[PDB]
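*Asks:* Here you go, one structure.
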Amino acid sequence: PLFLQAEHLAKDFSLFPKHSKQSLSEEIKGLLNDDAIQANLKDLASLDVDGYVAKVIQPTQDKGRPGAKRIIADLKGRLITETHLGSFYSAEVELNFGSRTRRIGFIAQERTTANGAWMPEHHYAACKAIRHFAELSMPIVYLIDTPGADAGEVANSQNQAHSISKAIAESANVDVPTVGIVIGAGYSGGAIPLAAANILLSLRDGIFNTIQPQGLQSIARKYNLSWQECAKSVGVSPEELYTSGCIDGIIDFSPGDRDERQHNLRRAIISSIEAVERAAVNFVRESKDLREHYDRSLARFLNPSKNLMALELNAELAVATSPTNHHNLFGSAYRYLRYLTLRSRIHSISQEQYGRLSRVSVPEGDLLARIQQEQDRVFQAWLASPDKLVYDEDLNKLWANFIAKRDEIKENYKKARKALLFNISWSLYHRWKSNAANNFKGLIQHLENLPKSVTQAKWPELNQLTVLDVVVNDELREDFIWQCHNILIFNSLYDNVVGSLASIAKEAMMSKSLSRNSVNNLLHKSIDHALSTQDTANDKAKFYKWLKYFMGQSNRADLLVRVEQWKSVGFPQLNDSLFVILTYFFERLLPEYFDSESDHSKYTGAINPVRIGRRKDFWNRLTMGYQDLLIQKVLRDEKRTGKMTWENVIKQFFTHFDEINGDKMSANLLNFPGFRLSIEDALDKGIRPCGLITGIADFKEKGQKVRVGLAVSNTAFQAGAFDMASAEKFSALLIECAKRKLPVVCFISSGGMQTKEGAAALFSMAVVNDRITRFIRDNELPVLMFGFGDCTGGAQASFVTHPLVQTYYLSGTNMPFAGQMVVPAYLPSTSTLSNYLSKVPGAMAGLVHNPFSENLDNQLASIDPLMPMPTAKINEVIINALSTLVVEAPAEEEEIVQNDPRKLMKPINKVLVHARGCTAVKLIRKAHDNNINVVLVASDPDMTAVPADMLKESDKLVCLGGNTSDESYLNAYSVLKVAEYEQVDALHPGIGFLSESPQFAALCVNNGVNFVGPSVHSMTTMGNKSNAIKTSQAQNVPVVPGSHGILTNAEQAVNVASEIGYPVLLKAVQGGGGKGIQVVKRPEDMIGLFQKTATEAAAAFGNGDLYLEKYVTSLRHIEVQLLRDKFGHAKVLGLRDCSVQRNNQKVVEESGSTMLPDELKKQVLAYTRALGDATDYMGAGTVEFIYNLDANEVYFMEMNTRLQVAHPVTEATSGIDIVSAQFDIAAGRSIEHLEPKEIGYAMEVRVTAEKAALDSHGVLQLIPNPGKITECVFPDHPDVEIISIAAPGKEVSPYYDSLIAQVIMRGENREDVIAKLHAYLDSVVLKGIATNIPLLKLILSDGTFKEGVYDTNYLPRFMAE
Ligand SMILES: Nc1ncnc2c1ncn2[C@@H]1O[C@H](COP(=O)(O)OP(=O)(O)O)[C@@H](O)[C@H]1O
Ligand SMILES: [Mg+2]
């Protein structure tokens, strides 16, 4: 069942991107190499935002750049057909493949018509062209270049979204190789039908993104950035798109090249089509289920059943329109491959996986203070570099008038003085825009607070004289404070009149004048509103004399037109007639009001629109614009009451809703500014950080239950903005519906695709649309799509309006192609509101009633009685949809089936061991002792290692290839393919490599392979450092004091560090092994050391996330061994002390701690049980504690969610075998029968192949000594255990660790264990290589170590002695 299989495989392939077989980037000949890509990443990192814009954004905007036809012509093939249709350009060219010539289809976005902006008929032409090439078995090269598909009134009237939803449906289901190549810009839903290819490439200077970079300006205004900053933060370069896995490589060609690089475009196409065809043949070799899918699709062409045959007639889709034009078996392979690549381009995580931010050192109401500080920061930056007064002739001529009239004999002085400051305050009001109110308050406060040595300061010479320098002088200072105070009241007056513009519009429609009382009372109310929302000392009478002075300036109309130009960005909801009457009120009716103050007969109030412009149909456009403002107001009242939520939508019709994967959420690997704060805020409110809620519900159809799928949009997160986690939840729901045979109902509301998830979010349009296309075409069950609230962007432009679904809308739904954030200017309710679109053909199967908004249909009939009304109910549509289906006999109910190892835990007689070295020798020895056959996997140096020699004829050895870890053990797909091939009973994930990764645990358990260790839930809870601390806090276990969540920035790190007291630690969340652990001594150091250690974490792991802990200088590293079964018996075996360590790596490890009180030992035993039971832990695990020697306290640090190398020390002293107990637990057995003891004492020395050598100051260090071992004797002794890979004639490899043996001594007491281990280390012989043993012998003959008085920093001090 290929529909179920493609989500399984694509989930597997997205768990480890680098070593997946979805990497076809090696195949294509003519791409740039990974070295040039790494070098280009270093340049783009070191450049600023302007250098990034020049490199990336400016060449795709270039009007001199070769078009789609010119690029296709310079492939130098033979053109067979062309179809130029506006900004669409389809073609068909024969290319030479060396063996012969071949027809290759083309569909391109042509930049030399409409800039590549596609219209509805261009999408319908792309639909047709994609079938036409499929019917003729022609491979297709898509060429992407667009500002996005048109969001205009004509597009949405022609049903733009419904043409794109079909175009994506054809592209996703085409039966020929599809290659995408970005030849310019790939923005939004116009780029995704073409970018939905098998292999998506880009030219060297191309771009691919969620929307055009100027559309990010709305999100830039909300968080106080520029749109250029938001564009770099999103990461839109071809190099960054290749790093995120959005594209499959960068072709070494730009459209203007005429050297060797012009030949790379045809070569990249030839090798791409050949690569997809070789890959698709390899998929038909290995997939026997691809035959079954093809035979099921063939059987529908043989016998077209009436319910799907009627859907194919109405939908017009790419089907077998002939037996000759019926697709081949490889045709279904291109659909399959295309889904796997689209679905591994999208990526999401879970709530347990996401690392929580620090609540510690965060002020109350912080958001407004941080935005105030950003507005002050940009204001202080203007105080540090203000503009010169020579730059504008209008301001320059007023300075000349001012200085001339200042020496002249007092009226002309006062006129020129006031006029200079006035035009400076309008100039800064044009400049500062949406933040102008805040920056004028800060300018007033600045001017009042200025030193007398700056207020009395005489002006610089004209060339160095700035607009700041002009107004800071005392003579211009306090009148400019007055200008700024009146401009604040004007900005409030203007914005209050804009929000009250409907009252003006009504009276203009019904009398053609705005009466004198209506302009008086609107002016009164707007000044009273301005001076009651602002406590400013400048009163109504002073502002009235300024308003007369302003209405006495000759450039007053020009000041209103300049203002209106930048205000049009913030108010894209008003039409031309509404902007004209707004301007006419300020320009003419306010002067006419003053002129008629002396004599009221001079007032007429008459709006003459011709004096602002000869706009046709002015009063009928004013009628439409007023009706649309009332529709906007009604939909804002509906948002503010908040009746259409996911809970309320469910309670109106459905009962016992069971959500599928409610924990799925945004990955956020671009880390967009303020978006992680929004994920935190959502989580603290209990809201899903995901644009969709999905589940299965009961619907009582005439008292009797019917089980249906239910997908309701989450208007509680980002107004229902659809996301990569929403796409995975939709695929999961359609899979549960395909398994159980459920009808699907959907309620969809969205602001569009989540732009703050990167360019990767776009692929969700094609992923979810393909799963709905395949769901109806393989499983027949009806999908309903009730568009509600605002239903816009890519959710609207794909799956909601898809031609096989029954599309519905609630009354009052806003349904355009894109929303207010992206739309440049006003769109009529005739082209946006679902009421007027109800009778427009193909827009919907019906407009239904909104069951929450009581009076809506009468409120809409009072706005326009000729508006089309709703007819059907949501209950009527659902009962008619359910009753016309065949009622198949329902199976007995199953739960939502998830990854559970406990089901897979069956008796083990053959096991895969994922390990090398001493860990593999230990696990191979335990496999013999438990009577289990080993399937061993190994690198080329390790095929002839001692763990391979320890195997029998009944045990297997398999070659992974290569020398290093990357070429062998870290390839998870090779290791899983061996587990599947040998049919292994379980897989032991070893130690090191992928042992502690919950992704590698999930990868095995997806494919039904038993993972020997904890559940994936237990691994993510105690593997995520913030959540491990939060679970410890919940179980009354003291943690190592710190931030407790993850730090945001250097200011956060300073404040949490100050509260703990310096010195302190900075640690990486994805760290471990002592990597990136920086000590910070001071606040002076912390500012530089945070930025530094964030770069260490980002370089080492690809995540700069730091979290802070208290630096304890005198400690013991105490760690406590847990065992636990599936039944819940937390058998805690005992502790170890691993304090003799060198660069965090443990060296001399012990079964007890000589400075730890028995009361604190009992506390860490109780805390291990509390954590083990409260996470539902399984297998072997080790919780780590800092035992502060100064404080006499024990603090939880972190947990090992796997087998620990120190384990044979506790095997001796507990009397319990840790690996045998873990193999019993992973066979499904209980460990209740075990009795943990405290048998004597034990100690381990890690014997490593290292030579002594001095550092730069002369202190002795140990460093690795590789080479062939000539002699190696470990004498047989009863109270020592030897795990070893050292023997005569074996080599110690430079590609791996110097660990050559673990020597674990046992004895009665600690002095006896030390003395026996000292004597045993002298009886042990090693030759050929050097070893660490000269140091180990001296620690065992130290007096301070023999007394047991030391700390974790003992060893580097002792090596210096
Ligand atoms: N402030 C500190 N207090 C205690 N240990 C610290 C501190 N800073 C670094 N460390 C080292 O890190 C240990 C904590 O576990 P860690 O070494 O990070 O584990 P791993 O690297 O094996 O995951 C401590 O025992 C100590 O050796
Ligand atoms: Mg450690």
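For the structure tokens, the naming scheme is as follows: chains receive sequential letters (A, B, ...) according to their order of presentation, residues are indexed from 1 within each chain, and ligands are indexed from 1 in presentation order.
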Residues of region 469-543 of chain A in helix (DSSP H, G or I) according to DSSP, as a PyMOL selection string?
*Replies:* chain A and resi 469-472+474-499+501-511+516-530+540-543
*Asks:* Compile a residue-level contact table for chain A against ligand 2 at a cut-off of 9 Å, reporting for every qualifying residue the shortest atom pair and its distance in Å to one decimal, with only C-alpha atoms and all ligand atoms counted, rows ordered by chain and ascending number, as a Markdown table.
*Replies:*
```
| residue | atom | partner | partner_atom_place_in_ligand_line | distance |
| --- | --- | --- | --- | --- |
| A:1072 | CA | ligand 2 | 1 (Mg) | 7.1 |
| A:1073 | CA | ligand 2 | 1 (Mg) | 6.4 |
| A:1074 | CA | ligand 2 | 1 (Mg) | 7.3 |
| A:1117 | CA | ligand 2 | 1 (Mg) | 7.6 |
| A:1119 | CA | ligand 2 | 1 (Mg) | 8.8 |
| A:1138 | CA | ligand 2 | 1 (Mg) | 8.8 |
| A:1144 | CA | ligand 2 | 1 (Mg) | 6.7 |
| A:1145 | CA | ligand 2 | 1 (Mg) | 7.8 |
| A:1146 | CA | ligand 2 | 1 (Mg) | 8.3 |
| A:1184 | CA | ligand 2 | 1 (Mg) | 7.0 |
| A:1197 | CA | ligand 2 | 1 (Mg) | 8.7 |
| A:1198 | CA | ligand 2 | 1 (Mg) | 8.1 |
| A:1199 | CA | ligand 2 | 1 (Mg) | 8.8 |
| A:1200 | CA | ligand 2 | 1 (Mg) | 8.6 |
```
*Asks:* Export N, CA, C and O atoms of the chosen residues as a compact mmCIF listing (two decimals), in the first residue's frame?
*Replies:*
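To be explicit, this is the file written out as out10.txt:
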```
# COMPACT_ATOMS: atom_id res chain seq x y z
N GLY A 1072 28.31 17.41 25.20
CA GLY A 1072 28.70 16.13 25.79
C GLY A 1072 30.17 15.87 25.48
O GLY A 1072 30.69 16.30 24.45
N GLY A 1073 30.85 15.14 26.38
CA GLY A 1073 32.28 14.81 26.28
C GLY A 1073 33.18 16.01 26.64
O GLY A 1073 34.35 16.00 26.26
N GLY A 1074 32.66 17.03 27.35
CA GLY A 1074 33.39 18.22 27.77
C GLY A 1074 33.52 19.28 26.67
O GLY A 1074 34.15 20.32 26.91
N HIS A 1117 32.47 13.87 40.68
CA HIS A 1117 31.57 13.36 39.66
C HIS A 1117 31.04 12.00 40.13
O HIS A 1117 31.67 10.97 39.86
N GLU A 1119 27.99 9.19 39.93
CA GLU A 1119 27.04 8.73 38.92
C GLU A 1119 26.45 7.41 39.41
O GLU A 1119 27.17 6.59 39.97
N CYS A 1138 33.97 8.94 39.44
CA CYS A 1138 34.77 8.98 38.22
C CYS A 1138 35.56 10.30 38.16
O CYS A 1138 35.65 10.91 37.09
N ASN A 1144 37.79 15.96 30.64
CA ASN A 1144 36.46 15.37 30.90
C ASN A 1144 36.42 13.83 30.77
O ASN A 1144 35.58 13.21 31.43
N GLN A 1145 37.32 13.23 29.97
CA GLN A 1145 37.41 11.78 29.75
C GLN A 1145 37.93 11.09 31.01
O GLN A 1145 39.03 11.40 31.47
N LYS A 1146 37.12 10.17 31.56
CA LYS A 1146 37.38 9.43 32.80
C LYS A 1146 38.58 8.48 32.64
O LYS A 1146 38.74 7.88 31.58
N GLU A 1184 23.90 11.30 36.33
CA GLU A 1184 25.11 11.98 36.80
C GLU A 1184 24.74 13.09 37.79
O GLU A 1184 23.79 13.84 37.56
N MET A 1197 23.00 16.66 37.40
CA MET A 1197 23.63 17.35 36.28
C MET A 1197 22.93 17.00 34.96
O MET A 1197 22.39 17.89 34.30
N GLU A 1198 22.94 15.70 34.60
CA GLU A 1198 22.32 15.15 33.40
C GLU A 1198 22.18 13.62 33.56
O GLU A 1198 22.46 13.09 34.63
N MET A 1199 21.73 12.94 32.49
CA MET A 1199 21.59 11.49 32.46
C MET A 1199 22.15 10.91 31.16
O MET A 1199 21.97 11.49 30.09
N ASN A 1200 22.79 9.74 31.29
CA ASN A 1200 23.15 8.84 30.21
C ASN A 1200 21.94 7.92 29.95
O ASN A 1200 21.61 7.12 30.83
```
*Asks:* What does the list of residues within 9 Å of ligand 1 look like if you count only C-alpha atoms and all ligand atoms, written as a ChimeraX atom specification?
*Replies:* /A:1040,1063-1067,1071-1075,1077-1079,1109-1118,1138-1146,1184-1188,1197-1200,1352-1353
*Asks:* Based on the selection just made, write N, CA and C atoms of those residues as a CSV table (one decimal), in the first residue's frame.
*Replies:*
```csv
chain,number,residue,atom,x,y,z
A,1040,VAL,N,21.9,21.1,39.4
A,1040,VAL,CA,23.0,22.0,39.4
A,1040,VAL,C,22.5,23.4,39.0
A,1063,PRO,N,33.0,32.8,39.3
A,1063,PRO,CA,32.9,32.3,37.9
A,1063,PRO,C,31.8,31.3,37.7
A,1064,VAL,N,31.4,31.1,36.4
A,1064,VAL,CA,30.3,30.3,36.0
A,1064,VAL,C,30.6,29.5,34.7
A,1065,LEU,N,29.8,28.6,34.3
A,1065,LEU,CA,29.9,27.7,33.1
A,1065,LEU,C,29.0,28.2,32.0
A,1066,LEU,N,29.4,28.1,30.7
A,1066,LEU,CA,28.6,28.1,29.5
A,1066,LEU,C,28.8,26.7,28.9
A,1067,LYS,N,27.7,26.0,28.5
A,1067,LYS,CA,27.7,24.7,28.0
A,1067,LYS,C,26.7,24.6,26.8
A,1071,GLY,N,25.9,19.3,23.3
A,1071,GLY,CA,27.3,19.0,23.7
A,1071,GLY,C,27.5,17.6,24.2
A,1072,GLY,N,28.3,17.4,25.2
A,1072,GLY,CA,28.7,16.1,25.8
A,1072,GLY,C,30.2,15.9,25.5
A,1073,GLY,N,30.9,15.1,26.4
A,1073,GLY,CA,32.3,14.8,26.3
A,1073,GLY,C,33.2,16.0,26.6
A,1074,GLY,N,32.7,17.0,27.3
A,1074,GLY,CA,33.4,18.2,27.8
A,1074,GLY,C,33.5,19.3,26.7
A,1075,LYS,N,33.0,19.0,25.5
A,1075,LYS,CA,33.0,19.9,24.3
A,1075,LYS,C,32.3,21.2,24.5
A,1077,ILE,N,32.5,23.5,26.8
A,1077,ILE,CA,32.4,23.9,28.2
A,1077,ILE,C,33.4,25.0,28.5
A,1078,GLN,N,33.0,26.2,28.5
A,1078,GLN,CA,33.8,27.4,28.8
A,1078,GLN,C,33.5,27.9,30.2
A,1079,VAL,N,34.6,28.2,31.0
A,1079,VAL,CA,34.5,28.9,32.3
A,1079,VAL,C,34.6,30.4,32.0
A,1109,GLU,N,25.3,27.1,33.9
A,1109,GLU,CA,25.4,26.3,35.2
A,1109,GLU,C,26.4,27.0,36.1
A,1110,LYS,N,26.2,26.8,37.4
A,1110,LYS,CA,27.1,27.2,38.5
A,1110,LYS,C,28.5,26.4,38.4
A,1111,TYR,N,29.6,27.1,38.3
A,1111,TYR,CA,30.9,26.5,38.3
A,1111,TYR,C,31.3,26.2,39.8
A,1112,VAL,N,31.2,24.9,40.1
A,1112,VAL,CA,31.7,24.3,41.3
A,1112,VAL,C,33.1,23.9,41.1
A,1113,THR,N,34.1,24.4,41.9
A,1113,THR,CA,35.5,24.2,41.7
A,1113,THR,C,36.1,22.9,42.4
A,1114,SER,N,35.5,22.6,43.5
A,1114,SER,CA,35.8,21.4,44.3
A,1114,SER,C,34.6,20.5,44.3
A,1115,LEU,N,34.6,19.4,43.5
A,1115,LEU,CA,33.5,18.5,43.4
A,1115,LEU,C,34.0,17.0,43.2
A,1116,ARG,N,33.1,16.1,43.3
A,1116,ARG,CA,33.2,14.7,42.8
A,1116,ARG,C,32.1,14.5,41.8
A,1117,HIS,N,32.5,13.9,40.7
A,1117,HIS,CA,31.6,13.4,39.7
A,1117,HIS,C,31.0,12.0,40.1
A,1118,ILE,N,29.9,12.0,40.8
A,1118,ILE,CA,29.2,10.8,41.3
A,1118,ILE,C,28.1,10.5,40.2
A,1138,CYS,N,34.0,8.9,39.4
A,1138,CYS,CA,34.8,9.0,38.2
A,1138,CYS,C,35.6,10.3,38.2
A,1139,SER,N,36.1,10.7,39.3
A,1139,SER,CA,36.7,12.0,39.5
A,1139,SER,C,38.1,12.2,38.9
A,1140,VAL,N,38.9,11.1,38.8
A,1140,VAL,CA,40.2,11.2,38.1
A,1140,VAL,C,39.9,11.1,36.6
A,1141,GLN,N,39.9,12.3,36.0
A,1141,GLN,CA,39.5,12.5,34.6
A,1141,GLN,C,40.4,13.6,34.0
A,1142,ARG,N,40.7,13.4,32.7
A,1142,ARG,CA,41.6,14.3,31.9
A,1142,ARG,C,40.9,14.7,30.6
A,1143,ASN,N,40.6,16.0,30.6
A,1143,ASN,CA,39.8,16.7,29.5
A,1143,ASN,C,38.4,16.1,29.4
A,1144,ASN,N,37.8,16.0,30.6
A,1144,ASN,CA,36.5,15.4,30.9
A,1144,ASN,C,36.4,13.8,30.8
A,1145,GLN,N,37.3,13.2,30.0
A,1145,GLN,CA,37.4,11.8,29.7
A,1145,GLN,C,37.9,11.1,31.0
A,1146,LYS,N,37.1,10.2,31.6
A,1146,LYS,CA,37.4,9.4,32.8
A,1146,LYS,C,38.6,8.5,32.6
A,1184,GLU,N,23.9,11.3,36.3
A,1184,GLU,CA,25.1,12.0,36.8
A,1184,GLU,C,24.7,13.1,37.8
A,1185,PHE,N,25.5,13.2,38.9
A,1185,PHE,CA,25.4,14.1,40.0
A,1185,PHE,C,26.8,14.8,40.2
A,1186,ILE,N,26.7,16.1,40.4
A,1186,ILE,CA,27.8,16.9,41.0
A,1186,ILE,C,27.6,16.8,42.6
A,1187,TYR,N,28.6,16.3,43.2
A,1187,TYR,CA,28.7,16.2,44.7
A,1187,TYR,C,29.7,17.3,45.2
A,1188,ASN,N,29.2,18.5,45.4
A,1188,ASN,CA,29.9,19.7,45.8
A,1188,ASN,C,30.6,19.4,47.2
A,1197,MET,N,23.0,16.7,37.4
A,1197,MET,CA,23.6,17.4,36.3
A,1197,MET,C,22.9,17.0,35.0
A,1198,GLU,N,22.9,15.7,34.6
A,1198,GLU,CA,22.3,15.1,33.4
A,1198,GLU,C,22.2,13.6,33.6
A,1199,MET,N,21.7,12.9,32.5
A,1199,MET,CA,21.6,11.5,32.5
A,1199,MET,C,22.2,10.9,31.2
A,1200,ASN,N,22.8,9.7,31.3
A,1200,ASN,CA,23.2,8.8,30.2
A,1200,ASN,C,21.9,7.9,30.0
A,1352,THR,N,37.7,16.6,41.1
A,1352,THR,CA,37.8,16.4,39.7
A,1352,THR,C,39.0,17.0,39.0
A,1353,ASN,N,39.6,18.1,39.5
A,1353,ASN,CA,40.7,18.8,39.0
A,1353,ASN,C,42.1,18.3,39.6
```
*Asks:* Identify which of the residues A:43, A:647, A:576, A:876 lies closest to residue 56 (chain A), counting only C-alpha atoms when measuring atom-to-atom distances.
*Replies:*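 Answer, going by the shortest atom-to-atom distance: A:43.
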*Asks:* What's the separation between CA of residue 124 (chain A) and CA of residue 156 (chain A), in Å to one decimal place?
*Replies:*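 It comes out at 14.2 Å.
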*Asks:* Which is closer to residue 584 (chain A) than all the others in A:710, A:607, A:766, A:155, using only C-alpha atoms?
*Replies:*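 The answer is A:607, which sits nearest to residue 584 (chain A).
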*Asks:* Choose the residue, out of A:265, A:575, A:547, A:210, that has the smallest atom-to-atom separation from residue 587 (chain A); count only C-alpha atoms.
*Replies:*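 Nearest candidate to residue 587 (chain A) out of A:265, A:575, A:547, A:210: A:547.
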*Asks:* Counting only C-alpha atoms, which of A:100, A:1251, A:343, A:1124 gets nearest to residue 9 (chain A)?
*Replies:*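 Checking each of A:100, A:1251, A:343, A:1124 against residue 9 (chain A), counting only C-alpha atoms, the winner is A:343.
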*Asks:* Report as a list in words all protein, DNA and RNA residues lying within 10 Å of residue 473 (chain A), evaluated on only C-alpha atoms, omitting residues in the same chain fewer than 3 positions from it.
*Replies:*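 Final neighbour list, sorted by chain and number: residues 447, 450, 452, 453, 454, 455, 456, 457, 458, 459, 468, 469, 470, 476, 477 and 478 of chain A.
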